[PDB]
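What follows is the content of coords_34.tsv, which has TSV, C-alpha atoms and all ligand atoms:
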chain	number	residue	atom	x	y	z
A	1	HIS	CA	-15.86	26.48	3.76
A	2	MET	CA	-12.39	26.22	2.27
A	3	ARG	CA	-10.35	23.37	4.06
A	4	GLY	CA	-6.73	24.55	4.52
A	5	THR	CA	-5.61	21.18	6.04
A	6	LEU	CA	-5.99	17.92	4.19
A	7	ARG	CA	-6.08	15.04	6.79
A	8	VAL	CA	-4.47	12.14	4.91
A	9	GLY	CA	-5.06	8.62	6.22
A	10	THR	CA	-2.17	6.28	5.61
A	11	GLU	CA	-0.29	3.28	7.08
A	12	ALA	CA	3.46	3.55	7.54
A	13	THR	CA	4.77	-0.05	7.36
A	14	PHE	CA	4.69	-0.12	3.57
A	15	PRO	CA	8.05	0.97	2.10
A	16	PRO	CA	8.65	2.45	-0.45
A	17	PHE	CA	5.26	4.09	-0.34
A	18	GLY	CA	5.00	5.07	3.36
A	19	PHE	CA	7.38	4.29	6.18
A	20	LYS	CA	9.46	5.97	8.89
A	21	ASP	CA	12.99	7.05	8.50
A	22	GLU	CA	15.62	6.78	11.37
A	23	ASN	CA	14.31	9.99	12.92
A	24	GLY	CA	10.77	8.74	12.85
A	25	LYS	CA	9.70	11.07	10.01
A	26	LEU	CA	7.12	9.76	7.54
A	27	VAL	CA	8.69	9.26	4.16
A	28	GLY	CA	7.91	7.52	0.86
A	29	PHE	CA	6.33	7.78	-2.55
A	30	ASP	CA	2.82	8.19	-1.16
A	31	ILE	CA	4.03	10.81	1.28
A	32	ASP	CA	5.68	12.83	-1.49
A	33	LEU	CA	2.62	12.35	-3.73
A	34	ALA	CA	0.29	13.64	-0.95
A	35	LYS	CA	2.45	16.71	-0.50
A	36	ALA	CA	2.56	17.36	-4.25
A	37	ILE	CA	-1.27	17.01	-4.51
A	38	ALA	CA	-1.72	19.40	-1.54
A	39	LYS	CA	0.61	21.93	-3.27
A	40	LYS	CA	-1.53	21.76	-6.40
A	41	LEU	CA	-4.68	22.26	-4.30
A	42	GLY	CA	-3.10	25.15	-2.40
A	43	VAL	CA	-3.50	23.43	0.96
A	44	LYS	CA	-1.41	21.72	3.68
A	45	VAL	CA	-1.30	17.97	4.42
A	46	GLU	CA	-1.65	16.55	7.90
A	47	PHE	CA	-0.88	12.78	7.99
A	48	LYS	CA	-2.96	10.48	10.12
A	49	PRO	CA	-1.06	7.14	10.28
A	50	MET	CA	-3.24	4.26	11.40
A	51	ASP	CA	-3.64	0.55	10.93
A	52	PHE	CA	-4.57	-0.22	7.35
A	53	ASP	CA	-7.84	-2.03	7.89
A	54	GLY	CA	-9.18	0.95	9.76
A	55	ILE	CA	-8.61	3.48	7.02
A	56	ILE	CA	-11.89	3.13	5.10
A	57	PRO	CA	-13.97	3.47	8.27
A	58	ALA	CA	-11.88	6.43	9.34
A	59	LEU	CA	-12.80	8.14	6.02
A	60	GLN	CA	-16.44	7.19	6.37
A	61	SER	CA	-16.61	8.62	9.96
A	62	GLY	CA	-14.86	11.89	9.21
A	63	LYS	CA	-11.56	11.32	10.87
A	64	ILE	CA	-9.65	11.89	7.62
A	65	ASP	CA	-10.38	13.70	4.29
A	66	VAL	CA	-8.46	11.48	1.90
A	67	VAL	CA	-6.63	8.15	1.72
A	68	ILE	CA	-3.20	7.84	0.18
A	69	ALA	CA	-2.03	4.42	1.41
A	70	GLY	CA	-1.14	2.28	-1.61
A	71	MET	CA	-4.75	1.35	-1.81
A	72	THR	CA	-5.84	-0.87	-4.65
A	73	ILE	CA	-9.03	0.21	-6.44
A	74	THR	CA	-11.47	-2.72	-6.09
A	75	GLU	CA	-15.17	-3.05	-6.77
A	76	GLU	CA	-15.85	-3.89	-3.07
A	77	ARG	CA	-14.14	-0.72	-1.97
A	78	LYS	CA	-15.81	1.44	-4.64
A	79	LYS	CA	-19.07	0.63	-2.76
A	80	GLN	CA	-17.57	2.35	0.31
A	81	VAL	CA	-15.48	5.20	-1.00
A	82	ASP	CA	-14.83	7.08	-4.25
A	83	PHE	CA	-11.45	6.73	-5.90
A	84	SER	CA	-9.30	9.04	-8.07
A	85	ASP	CA	-7.93	7.91	-11.40
A	86	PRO	CA	-5.23	5.38	-10.69
A	87	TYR	CA	-1.84	6.85	-9.79
A	88	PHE	CA	0.38	3.72	-9.74
A	89	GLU	CA	0.11	0.16	-11.00
A	90	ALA	CA	1.49	-2.50	-8.69
A	91	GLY	CA	1.57	-6.29	-8.67
A	92	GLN	CA	2.08	-8.95	-6.01
A	93	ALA	CA	4.95	-11.09	-4.71
A	94	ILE	CA	5.62	-13.92	-2.31
A	95	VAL	CA	8.68	-13.78	-0.01
A	96	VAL	CA	10.18	-17.10	1.17
A	97	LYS	CA	13.43	-18.34	2.63
A	98	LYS	CA	16.23	-18.83	0.08
A	99	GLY	CA	16.40	-22.57	0.60
A	100	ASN	CA	12.79	-22.98	-0.21
A	101	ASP	CA	12.02	-24.82	-3.44
A	102	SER	CA	8.37	-25.84	-3.02
A	103	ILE	CA	6.82	-22.31	-3.26
A	104	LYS	CA	6.70	-20.68	-6.70
A	105	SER	CA	3.10	-19.31	-6.81
A	106	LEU	CA	-0.02	-18.80	-4.75
A	107	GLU	CA	-1.18	-22.33	-5.63
A	108	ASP	CA	1.92	-23.76	-3.86
A	109	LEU	CA	0.87	-22.32	-0.47
A	110	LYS	CA	-1.12	-25.52	0.23
A	111	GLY	CA	-0.37	-26.76	3.73
A	112	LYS	CA	1.94	-23.84	4.52
A	113	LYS	CA	1.89	-20.97	7.06
A	114	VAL	CA	1.44	-17.64	5.21
A	115	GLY	CA	1.53	-14.09	6.66
A	116	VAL	CA	-0.56	-11.25	5.17
A	117	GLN	CA	-1.60	-7.72	6.17
A	118	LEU	CA	-5.05	-7.55	7.56
A	119	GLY	CA	-7.53	-5.88	5.20
A	120	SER	CA	-5.19	-6.10	2.18
A	121	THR	CA	-5.85	-7.42	-1.28
A	122	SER	CA	-3.07	-9.97	-0.60
A	123	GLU	CA	-5.17	-11.29	2.25
A	124	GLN	CA	-8.02	-11.76	-0.26
A	125	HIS	CA	-5.86	-13.40	-2.84
A	126	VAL	CA	-4.48	-15.85	-0.26
A	127	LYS	CA	-7.98	-16.58	1.12
A	128	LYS	CA	-9.13	-17.51	-2.38
A	129	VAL	CA	-6.48	-20.23	-2.80
A	130	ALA	CA	-6.69	-21.25	0.86
A	131	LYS	CA	-10.34	-22.51	0.31
A	132	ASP	CA	-10.01	-26.26	1.13
A	133	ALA	CA	-6.24	-26.49	0.28
A	134	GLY	CA	-5.26	-26.44	4.01
A	135	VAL	CA	-3.41	-23.07	4.12
A	136	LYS	CA	-2.65	-21.65	7.55
A	137	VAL	CA	-3.21	-17.87	7.19
A	138	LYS	CA	-1.73	-15.57	9.72
A	139	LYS	CA	-2.59	-11.67	9.90
A	140	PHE	CA	-0.54	-8.54	10.82
A	141	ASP	CA	-1.25	-4.87	11.09
A	142	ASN	CA	2.47	-4.11	11.03
A	143	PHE	CA	3.99	-5.66	7.92
A	144	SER	CA	7.51	-5.37	9.39
A	145	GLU	CA	6.13	-8.01	11.93
A	146	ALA	CA	4.63	-10.44	9.16
A	147	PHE	CA	8.16	-10.10	7.62
A	148	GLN	CA	9.87	-10.78	10.99
A	149	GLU	CA	7.71	-13.95	11.38
A	150	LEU	CA	9.12	-15.09	8.02
A	151	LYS	CA	12.76	-14.30	9.01
A	152	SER	CA	12.24	-16.17	12.38
A	153	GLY	CA	10.65	-19.23	10.83
A	154	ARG	CA	7.19	-18.74	12.34
A	155	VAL	CA	5.66	-18.61	8.85
A	156	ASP	CA	6.82	-20.18	5.58
A	157	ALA	CA	5.88	-17.24	3.28
A	158	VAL	CA	4.48	-13.73	3.30
A	159	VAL	CA	2.56	-12.08	0.46
A	160	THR	CA	2.34	-8.36	-0.28
A	161	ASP	CA	2.51	-5.86	-3.10
A	162	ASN	CA	5.64	-6.40	-5.27
A	163	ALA	CA	7.54	-3.20	-4.65
A	164	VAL	CA	7.03	-3.61	-0.90
A	165	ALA	CA	8.23	-7.24	-0.98
A	166	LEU	CA	11.41	-5.99	-2.79
A	167	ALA	CA	11.92	-3.16	-0.28
A	168	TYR	CA	11.76	-5.63	2.66
A	169	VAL	CA	14.17	-8.00	0.97
A	170	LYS	CA	16.62	-5.16	0.31
A	171	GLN	CA	16.41	-4.07	3.94
A	172	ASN	CA	17.35	-7.62	5.05
A	173	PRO	CA	20.37	-8.69	3.03
A	174	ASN	CA	21.61	-11.16	5.65
A	175	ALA	CA	18.19	-12.69	6.35
A	176	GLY	CA	18.18	-15.31	3.77
A	177	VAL	CA	14.93	-14.51	1.93
A	178	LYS	CA	13.86	-14.19	-1.74
A	179	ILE	CA	10.96	-13.19	-3.95
A	180	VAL	CA	8.97	-15.74	-5.96
A	181	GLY	CA	5.78	-15.61	-7.92
A	182	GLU	CA	6.14	-11.96	-8.78
A	183	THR	CA	3.60	-10.20	-10.94
A	184	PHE	CA	3.95	-6.62	-12.15
A	185	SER	CA	0.43	-5.26	-12.53
A	186	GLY	CA	-3.08	-5.93	-11.42
A	187	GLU	CA	-3.19	-3.63	-8.35
A	188	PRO	CA	-4.04	-0.07	-9.52
A	189	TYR	CA	-3.57	2.34	-6.61
A	190	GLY	CA	-6.12	5.08	-6.12
A	191	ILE	CA	-6.56	8.11	-3.78
A	192	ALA	CA	-9.86	7.72	-1.89
A	193	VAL	CA	-12.32	10.41	-0.80
A	194	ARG	CA	-15.52	10.02	1.12
A	195	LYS	CA	-18.29	8.76	-1.05
A	196	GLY	CA	-20.05	11.67	-2.71
A	197	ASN	CA	-17.24	14.22	-2.18
A	198	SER	CA	-17.17	15.07	-5.90
A	199	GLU	CA	-15.63	18.53	-5.45
A	200	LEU	CA	-12.53	17.18	-3.73
A	201	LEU	CA	-12.33	14.23	-6.10
A	202	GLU	CA	-12.31	16.40	-9.15
A	203	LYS	CA	-9.58	18.62	-7.72
A	204	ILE	CA	-7.44	15.59	-6.97
A	205	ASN	CA	-7.93	14.13	-10.42
A	206	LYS	CA	-7.03	17.46	-12.00
A	207	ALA	CA	-3.91	17.63	-9.77
A	208	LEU	CA	-2.83	14.12	-10.80
A	209	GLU	CA	-3.35	14.92	-14.49
A	210	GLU	CA	-1.27	18.08	-14.14
A	211	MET	CA	1.46	16.35	-12.18
A	212	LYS	CA	1.73	13.76	-15.02
A	213	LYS	CA	2.00	16.53	-17.65
A	214	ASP	CA	4.44	18.91	-15.91
A	215	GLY	CA	7.12	16.53	-14.72
A	216	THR	CA	6.10	16.52	-11.06
A	217	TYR	CA	4.90	12.89	-10.96
A	218	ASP	CA	7.80	11.52	-12.98
A	219	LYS	CA	10.32	13.15	-10.59
A	220	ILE	CA	8.60	11.45	-7.62
A	221	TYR	CA	8.63	8.14	-9.43
A	222	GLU	CA	12.35	8.44	-10.32
A	223	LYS	CA	13.20	9.39	-6.76
A	224	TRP	CA	11.76	6.10	-5.44
A	225	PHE	CA	12.14	3.75	-8.38
A	226	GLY	CA	14.93	5.21	-10.63
A	301	LIG	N1	-0.01	1.44	3.46
A	301	LIG	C1	-0.39	0.19	3.34
A	301	LIG	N2	-0.12	-0.70	4.26
A	301	LIG	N3	-0.96	-0.23	2.22
A	301	LIG	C2	-1.39	-1.59	1.95
A	301	LIG	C3	-1.97	-1.74	0.55
A	301	LIG	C4	-2.08	-3.22	0.13
A	301	LIG	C5	-2.90	-3.42	-1.11
A	301	LIG	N4	-2.44	-2.57	-2.27
A	301	LIG	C6	-4.31	-3.08	-0.77
A	301	LIG	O1	-4.86	-2.07	-1.25
A	301	LIG	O2	-4.97	-3.87	0.01
Translate the structure of the given file into structure tokens.
Ligand SMILES: NC(=[NH2+])NCCC[C@H](N)C(=O)O
Amino acid sequence: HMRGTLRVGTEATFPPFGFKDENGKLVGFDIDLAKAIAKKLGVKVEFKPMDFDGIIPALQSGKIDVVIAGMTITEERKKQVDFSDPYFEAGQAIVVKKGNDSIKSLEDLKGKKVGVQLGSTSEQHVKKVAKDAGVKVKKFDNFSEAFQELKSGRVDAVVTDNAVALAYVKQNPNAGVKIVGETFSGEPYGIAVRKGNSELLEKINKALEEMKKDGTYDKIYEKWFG
């Protein structure tokens, strides 16, 4: 059986990788990448937006064929799913109010209220420093609602991947927030397939490799980051 539709699991509160434009259309780097992969495979994408923490189980239970969701390749997740070669290297950032001087790194979150996306690597990084240090960790499926808790004063900081932190700041120029503690790598993004689906995996890796040789990938990158 030759699958003509690729069901792509993603979460769409993660600009610039996946979000909704003013007409409600899914847009972003990951969206364009998924379409460019499908073109190489000779198939059509169907997006399946869902809450992030449910994506791995959706792949395991056959609700989707692939994940393209800014998903960091980790050893824990490699137990659950198989990943492509990395397609992006991200870092992390903390977003705080402009008048904040106490928070410059993860270590400084002691005693503070911190918002994170449920199921994310940021959640894990925060949980690691939060051991003992009295951090109050709050969780959101919709990251535009962790961010709104920061703008409203309901949390002191939020933590996410660095390009996404910048995109939220740029969307909120009057909202008096800033990035601190930025790092630039350490979160390699991978496309996930169901564990054991070696035929699909190989096709996706070959598509990535070709996209990086023929200009296709670089044009996507420049569109979103140039
Ligand atoms: N579309 C999304 N919301 N992606 C969140 C990804 C966050 C982080 N890179 C992770 O893998 O946990």
Query - Residue neighbourhood region 174-185 of chain A, 6 Å, all atoms listed in the file, exclusion window fewer than 5 positions, as a list in words - result: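 Once the adjacent positions are removed, what remains is residues 89, 90, 91, 92, 93, 94, 95, 96, 97, 98, 104 and 105 of chain A.
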Can you report as AutoDock Vina command-line options the centre and edge lengths in Å, to one decimal, of an axis-aligned box around the listed atoms of ligand LIG 301 (chain A) padded with 6 Å on each side?
--center_x -2.5 --center_y -1.2 --center_z 1.0 --size_x 17.0 --size_y 17.3 --size_z 18.5
Rows by chain and residue number, chain A within 9 Å of ligand LIG 301 (chain A), shortest pair, only C-alpha atoms and all ligand atoms, as JSON lines:
{"residue": "A:10", "atom": "CA", "partner": "A:LIG301", "partner_atom": "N1", "distance": 5.7}
{"residue": "A:11", "atom": "CA", "partner": "A:LIG301", "partner_atom": "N1", "distance": 4.1}
{"residue": "A:12", "atom": "CA", "partner": "A:LIG301", "partner_atom": "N1", "distance": 5.8}
{"residue": "A:13", "atom": "CA", "partner": "A:LIG301", "partner_atom": "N2", "distance": 5.8}
{"residue": "A:14", "atom": "CA", "partner": "A:LIG301", "partner_atom": "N2", "distance": 4.9}
{"residue": "A:15", "atom": "CA", "partner": "A:LIG301", "partner_atom": "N1", "distance": 8.2}
{"residue": "A:17", "atom": "CA", "partner": "A:LIG301", "partner_atom": "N1", "distance": 7.0}
{"residue": "A:18", "atom": "CA", "partner": "A:LIG301", "partner_atom": "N1", "distance": 6.2}
{"residue": "A:19", "atom": "CA", "partner": "A:LIG301", "partner_atom": "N1", "distance": 8.4}
{"residue": "A:30", "atom": "CA", "partner": "A:LIG301", "partner_atom": "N1", "distance": 8.7}
{"residue": "A:49", "atom": "CA", "partner": "A:LIG301", "partner_atom": "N1", "distance": 9.0}
{"residue": "A:51", "atom": "CA", "partner": "A:LIG301", "partner_atom": "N2", "distance": 7.6}
{"residue": "A:52", "atom": "CA", "partner": "A:LIG301", "partner_atom": "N2", "distance": 5.4}
{"residue": "A:53", "atom": "CA", "partner": "A:LIG301", "partner_atom": "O2", "distance": 8.6}
{"residue": "A:68", "atom": "CA", "partner": "A:LIG301", "partner_atom": "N1", "distance": 7.9}
{"residue": "A:69", "atom": "CA", "partner": "A:LIG301", "partner_atom": "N1", "distance": 4.1}
{"residue": "A:70", "atom": "CA", "partner": "A:LIG301", "partner_atom": "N3", "distance": 4.6}
{"residue": "A:71", "atom": "CA", "partner": "A:LIG301", "partner_atom": "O1", "distance": 3.5}
{"residue": "A:72", "atom": "CA", "partner": "A:LIG301", "partner_atom": "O1", "distance": 3.7}
{"residue": "A:73", "atom": "CA", "partner": "A:LIG301", "partner_atom": "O1", "distance": 7.0}
{"residue": "A:74", "atom": "CA", "partner": "A:LIG301", "partner_atom": "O1", "distance": 8.2}
{"residue": "A:90", "atom": "CA", "partner": "A:LIG301", "partner_atom": "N4", "distance": 7.5}
{"residue": "A:91", "atom": "CA", "partner": "A:LIG301", "partner_atom": "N4", "distance": 8.4}
{"residue": "A:92", "atom": "CA", "partner": "A:LIG301", "partner_atom": "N4", "distance": 8.7}
{"residue": "A:117", "atom": "CA", "partner": "A:LIG301", "partner_atom": "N2", "distance": 7.4}
{"residue": "A:118", "atom": "CA", "partner": "A:LIG301", "partner_atom": "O2", "distance": 8.4}
{"residue": "A:119", "atom": "CA", "partner": "A:LIG301", "partner_atom": "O2", "distance": 6.1}
{"residue": "A:120", "atom": "CA", "partner": "A:LIG301", "partner_atom": "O2", "distance": 3.1}
{"residue": "A:121", "atom": "CA", "partner": "A:LIG301", "partner_atom": "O2", "distance": 3.9}
{"residue": "A:122", "atom": "CA", "partner": "A:LIG301", "partner_atom": "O2", "distance": 6.4}
{"residue": "A:123", "atom": "CA", "partner": "A:LIG301", "partner_atom": "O2", "distance": 7.8}
{"residue": "A:124", "atom": "CA", "partner": "A:LIG301", "partner_atom": "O2", "distance": 8.5}
{"residue": "A:141", "atom": "CA", "partner": "A:LIG301", "partner_atom": "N2", "distance": 8.1}
{"residue": "A:142", "atom": "CA", "partner": "A:LIG301", "partner_atom": "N2", "distance": 8.0}
{"residue": "A:143", "atom": "CA", "partner": "A:LIG301", "partner_atom": "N2", "distance": 7.4}
{"residue": "A:160", "atom": "CA", "partner": "A:LIG301", "partner_atom": "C4", "distance": 6.8}
{"residue": "A:161", "atom": "CA", "partner": "A:LIG301", "partner_atom": "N4", "distance": 6.0}
{"residue": "A:187", "atom": "CA", "partner": "A:LIG301", "partner_atom": "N4", "distance": 6.2}
{"residue": "A:188", "atom": "CA", "partner": "A:LIG301", "partner_atom": "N4", "distance": 7.8}
{"residue": "A:189", "atom": "CA", "partner": "A:LIG301", "partner_atom": "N4", "distance": 6.6}
{"residue": "A:190", "atom": "CA", "partner": "A:LIG301", "partner_atom": "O1", "distance": 8.7}
Query raised in the report: Quick one: distance from CA of residue 207 (chain A) to CA of residue 75 (chain A) in Å, one decimal?
Result: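 Separation between CA of residue 207 (chain A) and CA of residue 75 (chain A): 23.7 Å.
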**Report entry** From A:82, A:76, A:132, A:107, residue lying nearest residue 199 (chain A) [all atoms listed in the file]
**Finding:** A:82
Requested in this report: With a distance cut-off of 6 Å and all atoms listed in the file, select the neighbouring residues of region 43-46 of chain A, excluding the residue or stretch itself and same-chain residues fewer than 5 positions from it, and output the selection as a list in words.
Outcome: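 That gives residues 4, 5, 6, 7 and 38 of chain A.
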**Report entry** One-decimal distance in Å that lies between CA of residue 29 (chain A) and CA of residue 170 (chain A)
**Finding:**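 Computed distance, CA of residue 170 (chain A) to CA of residue 29 (chain A), equals 16.8 Å.
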Query raised in the report: Quick one, how far is CA of residue 81 (chain A) from CA of residue 195 (chain A)?
Result: 4.5 Å
Requested in this report: Go through A:165, A:148, A:16, A:84 one by one, measure the shortest atom-to-atom distance of each to residue 32 (chain A) using all atoms listed in the file, and give the residue with the smallest value.
Outcome: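 The closest residue to residue 32 (chain A) is A:16.
Residue nearest residue 167 (chain A), chosen from A:151, A:130, A:193, A:224 and counting all atoms listed in the file: A:224.
Residue nearest residue 212 (chain A) within the list A:86, A:115, A:28, A:9: A:86 [criterion: smallest interatomic distance, all atoms listed in the file].
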Report task. Compile the contact shell of residue 131 (chain A) as a list in words: residues with an atom at most 12 Å away, counting only C-alpha atoms, same-chain residues fewer than 6 positions apart removed. Result -> residues 107, 109, 110, 111, 124, 125 and 137 of chain A
Write out the residues from the selection above, keeping C-alpha atoms, as an mmCIF file, in the coordinates of the input.
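out06.cif, freshly written:
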data_model
loop_
_atom_site.group_PDB
_atom_site.id
_atom_site.type_symbol
_atom_site.label_atom_id
_atom_site.label_comp_id
_atom_site.auth_asym_id
_atom_site.auth_seq_id
_atom_site.Cartn_x
_atom_site.Cartn_y
_atom_site.Cartn_z
ATOM 1 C CA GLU A 107 -1.180 -22.330 -5.630
ATOM 2 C CA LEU A 109 0.870 -22.320 -0.470
ATOM 3 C CA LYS A 110 -1.120 -25.520 0.230
ATOM 4 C CA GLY A 111 -0.370 -26.760 3.730
ATOM 5 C CA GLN A 124 -8.020 -11.760 -0.260
ATOM 6 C CA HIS A 125 -5.860 -13.400 -2.840
ATOM 7 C CA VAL A 137 -3.210 -17.870 7.190
#
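With distances restricted to all atoms listed in the file, A:200 is the closest residue to residue 2 (chain A) from A:150, A:200, A:106, A:208.
Proximity of A:159, A:133, A:8, A:59 to residue 35 (chain A), computed with only C-alpha atoms, is greatest for A:8.
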Can you sort out region 156-167 of chain A so it carries N, CA, C and O atoms, written as a JSON list (two decimals), in the frame of the given file?
[["chain", "number", "residue", "atom", "x", "y", "z"],
["A", 156, "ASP", "N", 6.07, -19.67, 6.72],
["A", 156, "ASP", "CA", 6.82, -20.18, 5.58],
["A", 156, "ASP", "C", 6.93, -19.13, 4.42],
["A", 156, "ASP", "O", 7.88, -19.20, 3.58],
["A", 157, "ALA", "N", 5.90, -18.25, 4.36],
["A", 157, "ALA", "CA", 5.88, -17.24, 3.28],
["A", 157, "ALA", "C", 5.12, -16.03, 3.79],
["A", 157, "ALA", "O", 4.29, -16.12, 4.68],
["A", 158, "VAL", "N", 5.36, -14.89, 3.16],
["A", 158, "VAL", "CA", 4.48, -13.73, 3.30],
["A", 158, "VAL", "C", 4.17, -13.25, 1.87],
["A", 158, "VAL", "O", 4.85, -13.50, 0.91],
["A", 159, "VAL", "N", 3.04, -12.57, 1.75],
["A", 159, "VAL", "CA", 2.56, -12.08, 0.46],
["A", 159, "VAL", "C", 2.22, -10.62, 0.63],
["A", 159, "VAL", "O", 1.58, -10.20, 1.62],
["A", 160, "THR", "N", 2.69, -9.79, -0.27],
["A", 160, "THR", "CA", 2.34, -8.36, -0.28],
["A", 160, "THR", "C", 2.51, -7.81, -1.69],
["A", 160, "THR", "O", 2.76, -8.58, -2.66],
["A", 161, "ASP", "N", 2.36, -6.49, -1.84],
["A", 161, "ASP", "CA", 2.51, -5.86, -3.10],
["A", 161, "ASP", "C", 3.98, -5.90, -3.57],
["A", 161, "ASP", "O", 4.90, -5.97, -2.73],
["A", 162, "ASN", "N", 4.28, -6.02, -4.86],
["A", 162, "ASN", "CA", 5.64, -6.40, -5.27],
["A", 162, "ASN", "C", 6.75, -5.44, -4.92],
["A", 162, "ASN", "O", 7.84, -5.88, -4.60],
["A", 163, "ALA", "N", 6.47, -4.15, -4.96],
["A", 163, "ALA", "CA", 7.54, -3.20, -4.65],
["A", 163, "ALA", "C", 7.88, -3.25, -3.15],
["A", 163, "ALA", "O", 9.06, -3.00, -2.76],
["A", 164, "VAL", "N", 6.88, -3.60, -2.34],
["A", 164, "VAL", "CA", 7.03, -3.61, -0.90],
["A", 164, "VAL", "C", 7.81, -4.86, -0.52],
["A", 164, "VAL", "O", 8.69, -4.83, 0.32],
["A", 165, "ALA", "N", 7.47, -5.98, -1.16],
["A", 165, "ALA", "CA", 8.23, -7.24, -0.98],
["A", 165, "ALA", "C", 9.71, -6.94, -1.31],
["A", 165, "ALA", "O", 10.62, -7.31, -0.53],
["A", 166, "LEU", "N", 10.02, -6.23, -2.41],
["A", 166, "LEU", "CA", 11.41, -5.99, -2.79],
["A", 166, "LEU", "C", 12.08, -5.10, -1.73],
["A", 166, "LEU", "O", 13.23, -5.31, -1.34],
["A", 167, "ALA", "N", 11.36, -4.08, -1.24],
["A", 167, "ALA", "CA", 11.92, -3.16, -0.28],
["A", 167, "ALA", "C", 12.28, -3.92, 1.03],
["A", 167, "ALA", "O", 13.35, -3.70, 1.59]]
